[PDB]
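First, one chain by itself in structure tokens, the form solved without its partner chain.
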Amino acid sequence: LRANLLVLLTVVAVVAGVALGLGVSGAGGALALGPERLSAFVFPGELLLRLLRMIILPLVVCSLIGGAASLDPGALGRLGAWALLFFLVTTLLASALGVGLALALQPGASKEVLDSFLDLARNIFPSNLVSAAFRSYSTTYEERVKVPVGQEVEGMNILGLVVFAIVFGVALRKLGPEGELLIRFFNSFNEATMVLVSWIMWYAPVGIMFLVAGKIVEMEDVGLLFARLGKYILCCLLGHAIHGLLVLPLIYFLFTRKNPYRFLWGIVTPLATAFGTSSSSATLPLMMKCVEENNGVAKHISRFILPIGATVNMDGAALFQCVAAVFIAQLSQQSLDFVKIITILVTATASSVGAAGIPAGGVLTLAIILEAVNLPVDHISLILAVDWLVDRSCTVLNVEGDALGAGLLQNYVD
């Protein structure tokens, strides 16, 4: 079976890439390779990333337009309400789990908040669709007292495109016969993009191998990081594993009484792609393919939930942010009252939506939680030493939550 062959090839890609990176580092790593030969060594992973980012846009737009135009606006609204409830509850549970793990294990033994949320709202409503295709609104500060002035910076505004696609699909549904032509157009475009996804899946193993090989070759050494941040890394990774292997599967089983680990086997490939790429947006294409044809999720439910979740639902990001907040508080020996914990949870849950879903997109918002909850911000300099791995662990769970919620809402629809 080609699906099992692809899954095996992706697992072997991850393992052999770890092995190749370890062997290259033992042979000297970047210093032995040199900057030019190092850049040439990690290139296939960059090609995989580029290939995925090339199709993020048309796939997301067309799939969401078709999905929103495939349902009654009332039914679509109810489905979206349930999906948002599931996303929010899972993110809150991940935040609480992260805080609890950080408090129990005790691993620790900028932009304004208002400006961050206003930028979120601005990106939700893009001022230009073509610009939104490759730029997002971001606020910097001038001194005149700090005055916030904003501009469009590099980075696809996936959130604004998602919102516009949903709204445009609802409009097409409202049109009736006149909008059917555009529905057919976008469905055909999405099917072609899905064919491209199927072709890119076969290159995904090589890209993942080289991604992981380069990222572990880029390290100074395992000891230098772990001897100082081992308990923090353990907190983050263990929370991710508990949420993805126990909590989320538990919820799926209780609401969808089917074997969740079969569902996870059906998406092993996009999970490894998320680990390799460290971005939910780039692995979303593969996740949609697998969830549609490897599992029994309906086409419209998948194409409506997965793209929305990949931008709004981020359980790993919230867990990492809470663990980081508690770790920084413990480093400074700051007291954490119940109000303080609730504030951490709420701020992490709210910022997870604003996370751009791109590599190193959690540290940008971590300062927001460290500001809402007054804590030393400079200590983030430590987290960046291990963010290259915690971010991948976060992306894995982030896309896993999307897939499991899509399955759960498929069961609810059925």
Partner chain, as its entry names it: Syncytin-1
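In this text, the rigid core denotes the largest set of C-alpha atoms whose superposition between the two forms falls within 1.5 Å. Residue numbers count along the first chain shown, from 1.
Another form, the form deposited with its partner chain bound, is not on view; read the next lines as being about it.
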| item | value |
| --- | --- |
| Interface residue in the bound PDB entry among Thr140, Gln106, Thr343, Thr256, criterion: non-hydrogen atom within 4.5 angstroms of its partner chain | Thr140 |
| Triple contact flag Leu31, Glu154 and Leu211 to its partner chain in the bound PDB entry, non-hydrogen atom at 4.5 angstroms | yes |
| Contact label in the bound PDB entry: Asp337 to its partner chain, heavy atom within 4.5 Å | no |
| is_contact(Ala355, its partner chain) in the bound PDB entry, heavy atom dist at most 4.5 Å | no |
| Non-hydrogen atom contact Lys289 with its partner chain in the bound PDB entry at 4.5 angstroms | no |
| Contact of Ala27 with its partner chain in the bound PDB entry (heavy atom, 4.5 Å) | no |
| Stretch from 218-226, 93-101, 241-249, 265-273 whose residues place a heavy atom within 4.5 Å of its partner chain in the bound PDB entry | 218-226 |
| Contact set, 48-74 vs its partner chain in the bound PDB entry - heavy atom within 4.5 angstroms | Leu49, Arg50, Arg53 |
| Rigid-core-referenced C-alpha movement of 2 Å or more between this form and the one not shown, selected from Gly80, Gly150, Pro73, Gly230 | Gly150 |
| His379 C-alpha moves between this form and the one not shown by 2 Å or more, core aligned | yes |
